[PDB]
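1. Please work out how this folds:
(3 chains, ligands or ions: 1)
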Amino acid sequence: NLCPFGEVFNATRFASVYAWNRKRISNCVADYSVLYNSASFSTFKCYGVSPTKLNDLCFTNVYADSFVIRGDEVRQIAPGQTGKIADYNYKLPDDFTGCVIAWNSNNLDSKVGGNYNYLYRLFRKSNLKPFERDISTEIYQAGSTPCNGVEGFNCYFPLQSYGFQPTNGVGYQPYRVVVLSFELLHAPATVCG
Amino acid sequence: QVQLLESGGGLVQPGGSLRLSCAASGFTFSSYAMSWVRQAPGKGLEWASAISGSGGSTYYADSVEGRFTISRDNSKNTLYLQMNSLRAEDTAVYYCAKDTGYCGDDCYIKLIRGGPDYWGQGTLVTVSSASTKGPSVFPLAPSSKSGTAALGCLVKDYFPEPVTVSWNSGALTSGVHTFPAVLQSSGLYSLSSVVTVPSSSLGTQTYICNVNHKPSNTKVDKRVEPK
Amino acid sequence: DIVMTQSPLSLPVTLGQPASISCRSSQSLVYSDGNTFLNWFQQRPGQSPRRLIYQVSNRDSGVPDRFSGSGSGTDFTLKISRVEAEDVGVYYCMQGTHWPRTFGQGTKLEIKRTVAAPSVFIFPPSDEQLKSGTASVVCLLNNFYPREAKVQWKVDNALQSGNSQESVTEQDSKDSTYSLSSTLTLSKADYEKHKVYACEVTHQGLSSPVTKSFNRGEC
Ligand SMILES: *[C@@H]1O[C@H](CO)[C@@H](O)[C@H](O)[C@H]1NC(C)=O
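-> Residues are numbered from 1 along each chain as shown, chains lettered A, B, ... in the order given. What follows is the structure:
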């Protein structure tokens, strides 16, 4: 039938960036006319594929990754980027083929007093490889003393909360991000425009 | 309206244990973080414990860590604080507080920051080595004097705090002064609750003081008549 | 842990004039998102604390416009435009940015008004208490200001000392006055061994000391 892009975009709740959700799109026709011709998107950037030509292509599978970050971190969802989100939360490959979509969600994901449901990984020993999902809550060892699972000096919880408030600046307001990855394998294609 | 009603306070010997309950209503209970705050007699506030909305994440102060365990039932809309191995310093009025922040299923305590939206009425727990004793209520009766006359009740020889005194089941509020309790040499508390009323009401209006001592589960109504 | 100091610990203020409370933090209260989580609480006697101001300058719902908050970083100030009678109580600043949530020592905001003389009443011990073996004589000082007042018990013109305890209510939110209760405790035999019991009250609002007395067994 029709690929369920509405389930991903118009979802009541989104996931934290460290626990980003992934939807597998296959065996359906994907009409992107609603997406790239919608004025409710702050960012719509495609890499290696033109958005207009998308309806004239066919791919083996499509992956729709969805999460929430702040506005200043939207640029980190791009190939070759660095930063806390790009290094420890969500990393795109250098040969990324697909589109990145992001829109402001201050009306949905923010409340007076702070929304603390959305988290991001702040500490990690090594950077994330592309499309890696790290939900570990092990205490980060910033020193030479083993932490043994108890917080303390040089032993910090890897996750932090955004604490979205509607009074925050646009750079600290919540943005919902959807990453469409079009994978190309030597297999029959099940997604077309 | 959001309401937080607290229960479980009373007297307990050192080393004992008791559980306090905070029944919350008027909001999505599972959506907000809940906390227990204590206040010693004549001391400032001191945060004691807190839970995330879902109940998976808990925080305890250093004074209470390991001793108390905090829990939550979202179905009952009730917050619980189990206090074990109690000591004299734990004697305080315990409040349950709802935070203004938005927490819950995928949130973590100790990662939040903000302030308490609403507070419960507060329940008192006393930790000491002494037996509960019900209060003695005596009438303070007005005399033939003067336009304004005064009457009241003497609540003497009770332990532990607190006692609540009302007049005419809450119908008399103006002019009522319930004095702070004083600790006698016997170790028992004694207070007086008085009211100033027009002299013309003596003879037409009957005055009854309602004294409630929860630690002894005693409730005494005493009518004060001019003798 | 972030320690916070309040200044002053006691803040006397007259009705209608502004009042100021200072709260200083040992550590900067600003956070990554440029948000400062400092709160101001008002606690009336026997009541739960209520938050007057959240995030330095934002007032909570139901808070009168007389209260205002200012400051940044480590130094903050709570301003009351014109202090009213209901403003009496203890005010706390709380740190919310970092766990553990810490509190200031708390400032006692007491108000000073026109001098009012106390209404003096005396209450003989009840017959029920006499049946219990003790006798408590109560002297009431109702609705006076200032708080400084002296109560003297006289039994057959003999001044008693050491067998009396006094307590003072908190400053009334309705009329900014105080009340005082003094209790003279005697045994049943000692009470029945004397006749005249008198309470003498000395106060600024009284031109002369006021004595209220009763005779045992007379009404
Ligand atoms: C999301 O918003 C509304 C749903 O009422 C609709 O107009 C829009 O097309 C939706 N977007 C989709 C289905 O991609």
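
2. Next, count neighbours for residue 173.
-> Picked chain A for this. Using other C-beta atoms under 10 Å in any protein chain shown, the number of residues around residue A:173 comes to 22. C-betas here are computed from N, CA, C, even on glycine.

3. look at chain C instead
-> Residues within reach of residue C:173, counting by other C-beta under 10 Å, total 15.

4. With residue C:132 instead?
-> Residue C:132 is flanked by 15 other residues according to other C-beta under 10 Å.

5. Make sure it is actually in contact with residue B:136.
-> Yes: using C-beta atoms under 8 Å, residue C:132 is in contact with residue B:136, at 6.7 Å.

6. quick one: contacts for residue C:147?
-> With contacts defined as C-beta atoms under 8 Å, 6 or more residues apart in numbering or on different chains, the neighbours of residue C:147 are C:168, C:178.

7. Secondary structure element for it, which one?
-> Here residue C:147, judged by DSSP states H and E, is contained in no helix and no strand.

8. any idea how far it lies from residue C:176?
-> In this structure, residue C:147 and residue C:176 are 11 Å apart, going by C-beta to C-beta, to the nearest Å.

9. Likewise for residue C:114?
-> Counting by C-beta to C-beta, the gap from residue C:114 to residue C:176 is 9 Å.

10. quick one: the closest residue to residue A:21 other than its chain neighbours from residue A:115, how far?
-> The shortest distance from residue A:21 to any non-neighbouring residue, by C-beta to C-beta, 6 or more residues apart in numbering or on different chains, is to residue A:15 (4.3 Å). Residue A:15 sits 14 Å away from residue A:115, taking C-beta to C-beta as the criterion.

11. Quick check: phi and psi on residue A:9?
-> Geometry field for residue A:9 lists phi and psi as phi -70, psi -60, criterion degrees, to the nearest 10.

12. which residue of chain A sits farthest from its center?
-> Using C-alpha atoms, centre = their mean, the residue of chain A lying farthest from its centre is residue A:145. It sits 33.8 Å away.

13. Endpoint to endpoint, stretch A:53-67 covers what distance?
-> The distance separating the two terminal residues of stretch A:53-67, taken as C-alpha to C-alpha, to the nearest Å, comes to 26 Å.

14. Leaving out the residues flanking it, which one is nearest to whichever residue of chain A sits closest to chain B?
-> Each residue of chain A has a distance to chain B, by C-beta to the nearest C-beta, and the smallest belongs to residue A:113, at 3.2 Å. Sequence neighbours aside, residue B:100 is the residue nearest to residue A:113 in space, at 3.2 Å (criterion: C-beta to C-beta, 6+ apart).

15. Same check on residue C:5?
-> Closest residue in space to residue C:5, ignoring its immediate chain neighbours: residue C:24 at 5.1 Å, by C-beta to C-beta, 6+ apart.

16. Now do the contacts for residue 19.
-> By default, I'm working from chain A. A:67, A:119, A:133, A:135, B:106.

17. try again with chain C
-> Shown here is residue C:19, whose contacts under the criterion C-beta under 8 Å, 6+ apart are C:11, C:13, C:79-80, C:83, C:87, C:109.

18. Narrow those to just the buried residues.
-> The neighbour-count test (16 or more other C-beta atoms under 10 Å in any protein chain shown) applied to the contacts of residue C:19 identifies C:11, C:13, C:80, C:83, C:87, C:109 as buried.

19. correct me, but the fourth one touches residue C:21?
-> No: applying C-beta under 8 Å as the test, residue C:83 and residue C:21 come out as separate, 11.4 Å apart.

20. shared neighbours of those two, anything?
-> Overlap of the contact sets of residue C:83 and residue C:21 (by C-beta under 8 Å, 6+ apart) consists of residue C:109.

21. Tell me which residue lies nearest the centroid of chain A.
-> Centre of chain A computed as the mean C-alpha position; nearest residue by C-alpha atoms, centre = their mean is residue A:67, 4.2 Å away.

22. my read: that one touches residue A:100, true?
-> No: here residue A:67 does not reach residue A:100: they are 11.5 Å apart, not a contact under C-beta under 8 Å.

23. Would you mind listing the residues touching both of the two?
-> Residues touching both residue A:67 and residue A:100 (C-beta under 8 Å, 6+ apart) are residue A:177.

24. sorry, back to before: so the residue nearest to the centre of chain A bridges to which residues?
-> residue A:177 (DSSP bridges).

25. so how far is residue A:125 from it?
-> The value you get for residue A:67 to residue A:125, if C-beta to C-beta is used, is 22 Å.

26. Could you name whichever residue is most remote from the centre of chain B?
-> residue B:146 (38.2 Å).

27. A strand includes that residue, no?
-> No: assessed with DSSP: H, G, I helix; E, B strand; the rest coil, residue B:146 is coil; it does not lie in a strand.

28. about what we covered before: higher neighbour count, residue A:15 and residue A:115?
-> The residue with the greater number of neighbours, taking residue A:15 and residue A:115 and applying other C-beta under 10 Å, is residue A:115; the counts read 24 against 19.

29. packing partners for the helix or strand containing residue B:138?
-> With elements delineated by DSSP H and E, residue B:138 resides in strand B:136-140, which encompasses its position. With contacts defined as 3 or more C-beta pairs under 8 Å, 6 or more residues apart in numbering or on different chains; DSSP states H and E, strand B:136-140 has these neighbours: strand B:148-158, strand B:218-224, helix C:127-132.

30. Do I have it right that the residue farthest from the centre of chain B meets residue B:199?
-> Yes: applying C-beta under 8 Å as the test, residue B:146 and residue B:199 come out as touching, 6.0 Å apart.
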